[PDB]
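[1] show me the folded form of this:
(2 chains, ligands or ions: 4)
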Protein chains: 2
Amino acid sequence: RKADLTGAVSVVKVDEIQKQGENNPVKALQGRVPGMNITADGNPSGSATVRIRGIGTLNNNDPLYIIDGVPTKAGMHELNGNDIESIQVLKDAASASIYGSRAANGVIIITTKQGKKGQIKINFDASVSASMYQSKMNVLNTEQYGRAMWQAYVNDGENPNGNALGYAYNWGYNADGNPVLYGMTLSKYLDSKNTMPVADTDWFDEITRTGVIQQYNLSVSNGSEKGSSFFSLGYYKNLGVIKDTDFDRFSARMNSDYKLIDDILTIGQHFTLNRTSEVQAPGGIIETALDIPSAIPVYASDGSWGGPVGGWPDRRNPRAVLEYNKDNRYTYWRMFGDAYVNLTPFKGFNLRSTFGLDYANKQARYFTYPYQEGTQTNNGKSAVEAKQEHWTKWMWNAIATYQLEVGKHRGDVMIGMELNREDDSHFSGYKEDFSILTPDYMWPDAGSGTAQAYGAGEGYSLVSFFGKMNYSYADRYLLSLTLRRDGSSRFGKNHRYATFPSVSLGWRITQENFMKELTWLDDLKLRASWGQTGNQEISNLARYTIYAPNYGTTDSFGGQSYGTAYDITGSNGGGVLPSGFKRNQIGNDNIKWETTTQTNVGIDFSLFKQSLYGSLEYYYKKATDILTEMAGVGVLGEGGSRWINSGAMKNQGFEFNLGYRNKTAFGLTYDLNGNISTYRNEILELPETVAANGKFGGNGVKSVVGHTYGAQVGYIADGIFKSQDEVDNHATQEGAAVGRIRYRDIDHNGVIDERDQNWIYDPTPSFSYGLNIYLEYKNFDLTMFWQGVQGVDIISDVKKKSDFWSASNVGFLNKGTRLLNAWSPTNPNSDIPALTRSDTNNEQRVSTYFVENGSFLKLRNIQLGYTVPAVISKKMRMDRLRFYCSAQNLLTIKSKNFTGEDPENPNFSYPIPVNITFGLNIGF
Amino acid sequence: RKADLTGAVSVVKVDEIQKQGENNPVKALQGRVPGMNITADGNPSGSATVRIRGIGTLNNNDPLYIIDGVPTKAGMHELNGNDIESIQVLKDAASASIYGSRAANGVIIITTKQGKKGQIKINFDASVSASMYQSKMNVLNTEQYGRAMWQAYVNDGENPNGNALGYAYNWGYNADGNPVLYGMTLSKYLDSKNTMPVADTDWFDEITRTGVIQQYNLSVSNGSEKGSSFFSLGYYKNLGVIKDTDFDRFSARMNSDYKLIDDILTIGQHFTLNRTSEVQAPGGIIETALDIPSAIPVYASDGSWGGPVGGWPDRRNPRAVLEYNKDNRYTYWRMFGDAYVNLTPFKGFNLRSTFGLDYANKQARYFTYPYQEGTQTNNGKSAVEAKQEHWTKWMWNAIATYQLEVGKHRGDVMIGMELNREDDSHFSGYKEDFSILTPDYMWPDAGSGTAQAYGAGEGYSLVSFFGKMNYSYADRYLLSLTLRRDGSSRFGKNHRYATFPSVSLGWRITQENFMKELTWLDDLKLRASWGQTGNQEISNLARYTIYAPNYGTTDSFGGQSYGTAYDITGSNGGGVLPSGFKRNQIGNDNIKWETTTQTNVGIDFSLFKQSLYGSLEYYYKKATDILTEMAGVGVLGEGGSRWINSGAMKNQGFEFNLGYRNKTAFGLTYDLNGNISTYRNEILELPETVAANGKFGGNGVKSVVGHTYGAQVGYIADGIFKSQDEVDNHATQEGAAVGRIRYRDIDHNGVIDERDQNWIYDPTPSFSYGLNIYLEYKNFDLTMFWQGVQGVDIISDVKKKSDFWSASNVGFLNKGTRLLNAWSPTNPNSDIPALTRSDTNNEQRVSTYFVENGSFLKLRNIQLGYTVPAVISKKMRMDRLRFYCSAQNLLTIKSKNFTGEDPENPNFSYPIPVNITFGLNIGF
Ligand SMILES: OC[C@H]1O[C@@](CO)(OC[C@H]2O[C@@](CO)(OC[C@H]3O[C@@](CO)(OC[C@H]4O[C@](O)(CO)[C@@H](O)[C@@H]4O)[C@@H](O)[C@@H]3O)[C@@H](O)[C@@H]2O)[C@@H](O)[C@@H]1O
Ligand SMILES: OC[C@H]1O[C@@](CO)(OC[C@H]2O[C@@](CO)(OC[C@H]3O[C@@](CO)(OC[C@H]4O[C@](O)(CO)[C@@H](O)[C@@H]4O)[C@@H](O)[C@@H]3O)[C@@H](O)[C@@H]2O)[C@@H](O)[C@@H]1O
Ligand SMILES: [Mg+2]
Ligand SMILES: [Mg+2]
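    Residues are numbered from 1 along each chain as shown, chains lettered A, B, ... in the order given. Ligands and ions are numbered 1, 2, ... in the order given. Now the structure:
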């Protein structure tokens, strides 16, 4: 049962959602909804990025979740998703407009479990899972690193014995004169102090482990004619594959409703409390682990943490970083409550007053221990940072609804007034100069150094007046008209309020009398919708020219703190220096709402006695007057960024969902759910400065206007130079040599320069598809979900340090194993460029070499279960007893062009592990 | 129905509690419970101090509240007391031992409302009240202040015109030579800059207002055979009489219970969330208002805040202080949840697992604005202090109970394991050097001055194993035996655990067959109890020798910060100075539990068909091995304080409760509830240093051992010297003169010295009584509650600055009106000493002059209500509709000896106002 019946509505089967056993219900529906992209890195929390109907705006694209009628934008990883009864996604502007003013990026409706009338039930779910690392990046060992360094040295013509890294090479020349390596030897200690012995260390294995996930839920519901109630307690814990990273969550949900005065009066409430404690991996931990060479031992001779010495590259120990970061635990309390009252003066009139509250508390204590890893140290810096953050959102809604059933005409008229208020604040203290260096002793009162205080606050408000009218004729013709008047505190008084209309039409062809003989065609409906929605998801202080007294107490990297504090006297400090103000941004009083117009056409069909159902959708989204933050022209200096309505986004998309469920003669019930979606995005208008800096694409070389959002311009790599004759024949370029990347001459001017660039990267897949198979046979239920993406290109940063030697910010870094298969006179059948120590050809530039085919098809979740027969369960008095074993991310298929692994996450972010889970469900 | 039936249990009628309309339910029962003292200053919050059975320990005496089986010690002002169904107070150690290990100071049982089976109900309560200031302290106006100053000057023999305060006196001598004042004149401006004009300002009226209190509660309950539920929403707001002080609170409570598996399994939960925002009055605001003379204007000539100039005393403007303190608003979130599960393997066995959580969050932002009030200023100091505090308590309880009903013998055997864990933390940031000086701009990131960070954390744990056995023979002989094994983390391993037994006996005389003819005697029961309880309410870090790195970042008054930071180089600062550690206290590994033995004897009677009921109780409490924090001997220096078991407290008390309810021929129902209680406290053992410093009494002159706790030693004032002959006849003393206080010579040595002191102050009332009258007549209900205290002495600090001139730390301060009635040759019929400018006689010493009779009798709450007749309510479909008007603290009677006002609060704390309230109750 769709709650709109005339728009693009996707209903998610919650039974399959809980089968995957994911903490975040959103992450479970990664590819089960057409026109919906869910990206998850794989960290222990269920945090993920959601994109509905592609990218339709230049500001934040987070969709507006709605739970029990309360809107929000926070992630669902911090909420208990196991007590969800129904999930509805509103991807159409006309359908989602009536649910709030923040429906620009789509609306997701989440309904919590409630006690069913006339029965009382309980459900206890237990789940234990083991997570194993699968995308183990292959890196060179000590011998492989030495061989690669020797190959680079001999390719560059330098003496390999002058590496000054403890490597002694016994090598010679073959008959053809190509250098050949016979053997290598290493000094026992990398330094002259004999404190860092050489060893073969698997850093990826050292920093990874086998995580343990435990989930325990207990829900009880009780219904009655005078009311109903529901109480759920949930516990979740996930240990990440990366060491010293974990996330656990307690959840308590209480829902109830009461009917008084012979069903005239109703009072209901839905409340939930969550407590999530998490230790997160440090930024770029995978990058640090990959960069550090395997020759560095984990522990030194004296038992201290190992580190680079002498000429080894300046890379911190990933194991020591994880050990020091294990105490950076943050606690998050989530408060999601709602109380509603409903009154019915007569049969057709309803008045609902609803109050919703969302209170978020975050407390963190970050520690900075003194470390000395060889030549890497922080000069004995020890510090503590105690941070507190508060978020408070409250919403009040007044709804008046009238329904009439006169003749064959059904008419619903609803009006509503909504008020939203959000207030955010944060404050933190910083202390230094500790002695014991333990979490127990590291408190700000126990410090003896410089102390700093930080603190900020902000907020906004929303006012909405909405009206919805629905007309139904003969249960065959449906018309919907809605109007919205929305205002926000982020705009000036002149442009505070804006009006948004939406219209929807629907015709049930199967109800027409001219096809009564079509018994096979059970149902057929054609619907169209044209709607307008408003977007204002911008900075709260957007229309004000912001001047702030940035003294310079905030930590900055590279010294570009831009603080305002100068020793005008010239006493080299010693006190409070004079301060001032700096401009953060230039205000603009002409900013207004961003108008997104959505046109949707849908065909819903159901054939063979409601067995073969499906829907086909075509949508066109056009966003104009987009509030974009343009940067300064260059001479305007600091604070030149300002918000302006100079954007234009276009999205043309197709979606197709199909489902076929049927039994079998011998007792097998098979249900197949197929889904496919495609979309095309385009940028039509953009400010000149934004197109020049290329923040939305183009890399600052060409304007992204007229091209897909996120498209990147780069060079074209036409293979590599296999001979000097090839170098001479090709157009002249800087750094051209044998074994180097050959760049195509686009304009045929005879020289390779900055103008030989074209559009090479397009982050738009050809189509994303999903397939869910459910089989029931003799109390055995098997679930199998496949998700695939075809026609998508990906930029691989791992390739930059796996296909080249010394292609990073620093040299002598550890590289990938496939680097051993580089081009050489001995091995001419290779496409990887020859190893070198100097990047004369400048191979770090953006080109088609780093663009790979991201197409993949992976088994997201497979589950085999056994249900106890009813007679045994009744003998044990149990209503239901089930067991199941599942595998998540067990198998995947990638393209041959993709040289790396894990096409979903081809970057240095958190890896995606394989989960093996065993679970039980009891229905006492 | 008492939940112990064999111990000292007080049942509080909740219907009368809600009649008073107080935010704190505890404050409502100020004198309705025998042997229970409730002290409330009168601030907008319902904060109050509770003492059960007198003072029985030298450490914190706060009783252990229990709500829904969850123990706590936080005040009930932050919780919603309007949803309470029953209140039980356990003042006996034997009865309260089984409810927790913190029952040393008594246990209060609070039960929340639950849905009654088979019905569904709603109650809406509205209340609007006005609070008016009644205890307006009388202070001298400009003319009265000038007259008093002239009288003091002429009494001291100095020239009154040399006061240098702008007062010019035209005065002369009478026939007898006594000076007489004819007239006075004042300069228009108190300063030479003509910026502070003279005016007659009523500071008490200026800083006080008429407060408004609003209360709105809405509760709904629904019961069924399969479970029950209850949901309550409450809002309270109180504006204090002192300006810029207020307290509001939102409360949401959800209770539910479910019965599954044919009543074998039960799952229940009780949860409440509270949000209290409060701005409190600054410390000593009443004292500051009284001290400042009335001649100081509220506003200066230029419109700025007025302040003293020239020779006027250094007193800050109370109105300006209140105006600057209005932004010191703190927010407090309270989380009180509990979930329990019960299983019955068969008829007589029960297993209960209960988990309770108490989470408290406090966020405050204190502002320090730059002020310049005449000569009073802070050198333009502006600062912000952002403080965050977290408290987290969690308790787990496992209870196994068995009941047998064999023959005439009833046997209950219960065992239980309880675990408690409390963790507290706090951190704050401090910033300075602000420019705009508004709450919006005052944030730590916006500051430009020195920043400080403070932070601390602590906690403790409790483990308890308890067993209770109850035996009943013929429903006539009752025996109870309980044993407790309690351990805490605050002690060492050797003395971690302690054992506490308790025994109770009871005999129902009315059940004996030898008095079957006593029809009038409906019921008579004699009970006795002897129990032992453990007390460990001490500092968490009590057994450790504490060394802390107190750098000196904490604000201190007078410069005694005791920080550890010295400029050993001698560069006058300019950086981080070297620091160290200091000893806070000396540890003691021999500390153990404090053992309190309570012996109670009770007689419960009920006569005339359960119409005249009552109870008489006698209790003896003996606390030994009391954990007291003794100070250093004097040469031990800092950190000499340590915890030791060297205390002994004795309490002998009597209580009597009576109640008579009866109807009348013409239709009047009268219920009278009388209560009386008395107690005597004594200290038997105490450490020598504690007795020497006199922290528990004696004022450091004589040991408090063998005397009542809090007793004070002082001189004896035998009137005043009315002539020189009286001075000559009396024993010689320093400062003796005509009109000065005469001090009795106790030892008859002929000279008044420090040894002429005796016990003068005893803070033990002779008896405290209460009387509640409830009258019902023709739908009119009248409630009248009187509370009286007799035989209590009070030390009046107001007298020190109302009966003397220049008796404070500084001179020329405003004094009371009664100071005008001082002794003089013109007015010899007076007991107030003659005015003087020099305290040669040293009248500031503790003496019987400042000891007054604190006996009082006040109408705590009177309420007249009208209930709509049932037929009209049914016509309007309402189940109940009632209105009421009430007065709180309307009338009081004091003793003639008490020269001041408000005997309950005779100090400079928050005043107690008169409340006039109108309320309505609706039962839809
Ligand atoms: O600084 C960028 C870098 O650091 C992070 C934190 O690791 O961001 C710092 C700030 O992000 C905040 C502000 O909301 O929250 C993000 C983290 O807190 C969590 C807790 O659940 O999310 C809070 C809440 O806000 C979102 O993150 C945004 O809508 C939602 O996803 C979520 O519901 C957690 O998910 C985030 O890690 C604030 O807490 C930090 O000060 C990272 O975000 C980023 O990588
Ligand atoms: O410094 C003494 C003087 O100042 C007060 C605050 O005005 O105490 C200062 C510190 O007391 C703290 C520590 O708990 O709380 C007291 C105030 O906060 C409130 C908020 O509801 O109470 C908090 C919580 O702790 C109790 O006070 C003790 O168990 C409980 O009553 C209550 O549940 C509020 O009631 C108090 O005013 C801390 O907040 C301050 O830093 C006063 O206590 C005292 O007069
Ligand atoms: Mg070219
Ligand atoms: Mg003497």
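
[2] can you give me the strands in the stretch 701-850 of chain A?
    A:712-714, A:717-720, A:741-743, A:758-761, A:767-777, A:780-790, A:793-795 (DSSP state E, counting those that start in this stretch).

[3] out of those strands, which is closest to residue B:230?
    The closest of the strands of the stretch 701-850 of chain A to residue B:230 is strand A:780-790. By CB to CB, the value is 39.6 Å. From N, CA and C alone the C-beta is placed, and that goes for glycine too.

[4] for the closest one, packing partners?
    With contacts taken as 3 or more CB pairs under 8 Å, 6 or more residues apart in numbering or on different chains; DSSP states H and E, strand A:780-790 sits against helix A:14-19, strand A:767-777, strand A:856-867.

[5] let's have these in a markdown table, adding distance to ligand 1 and mean neighbour count.
    Shown next, in a markdown table, are those (distance: least, CB to the nearest ligand atom, whole Å; neighbours: other CB atoms under 10 Å in any protein chain shown):
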| stretch | distance to ligand 1 | mean neighbour count |
| --- | --- | --- |
| helix A:14-19 | 19 | 18 |
| strand A:767-777 | 23 | 18 |
| strand A:856-867 | 22 | 19 |
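
[6] which of the ones you listed sits closest to ligand 2?
    helix A:14-19 (40.6 Å; CB to the nearest ligand atom).

[7] how about residues contacting that closest one?
    Helix A:14-19 is touched from outside by A:25, A:28-29, A:32, A:81-82, A:84-87, A:772, A:774, A:783, A:785, A:861, A:863, A:884, A:886, with contacts defined as CB atoms under 8 Å, 6 or more residues apart in numbering or on different chains.

[8] now, of those residues, which are buried?
    Buried members of the contacts of helix A:14-19, scored by 16 or more other CB atoms under 10 Å in any protein chain shown, are A:25, A:28-29, A:32, A:81-82, A:84, A:87, A:772, A:774, A:783, A:785, A:861, A:863, A:884, A:886.

[9] buried residues in the top helix by length along chain A?
    In chain A, ranked by residue count with DSSP state H as the criterion, the top helix is helix A:142-156. By 16+ other CB under 10 Å, the buried positions in helix A:142-156 come out as A:142, A:144-156.

[10] ok, stretch A:254-263 next?
    Buried residues in stretch A:254-263, counted by 16+ other CB under 10 Å: A:254, A:255, A:256, A:257, A:258, A:259, A:260.

[11] show me what contacts residue A:289?
    A:203, A:204, A:206, A:207, A:318.

[12] among those residues, which are within reach of ligand 1?
    With CB under 6 Å from any ligand atom as the criterion, those include none near ligand 1.

[13] neighbours of whatever residue of chain A ends up closest to ligand 2, how many?
    Distances between chain A and ligand 2 by CB to the nearest ligand atom are smallest at residue A:445, namely 13.8 Å. Other residues within reach of residue A:445 by the criterion other CB atoms under 10 Å in any protein chain shown amount to 19.

[14] do the same with residue A:475
    Counted with other CB under 10 Å, residue A:475 comes out at 10.

[15] now it: how far from residue A:350?
    22 Å (CB to CB, to the nearest Å).

[16] try residue A:259
    In this view, residue A:259 and residue A:350 are 13 Å apart by CB to CB.

[17] quick check: the farthest pair among the contacts of residue A:289?
    A:204 and A:318 (8.9 Å).

[18] which of the two has more neighbours?
    residue A:318 (26 against 19).

[19] ok so, going back, between the strands of the stretch 701-850 of chain A, which gets nearest to ligand 3?
    With CB to the ion as the measure, strand A:741-743 is the member of the strands of the stretch 701-850 of chain A nearest ligand 3 (8.8 Å).

[20] who touches the closest one?
    Defining contact as CB under 8 Å, 6+ apart, one finds that strand A:741-743 is touched by A:715-721, A:726, A:730, A:733, A:736, A:752, A:756, A:833, A:841, A:843, A:847, A:849.

[21] near ligand 3, which of these show up?
    Of the residues in those, proximity to ligand 3 by CB under 5 Å from the ion holds for residue A:756.
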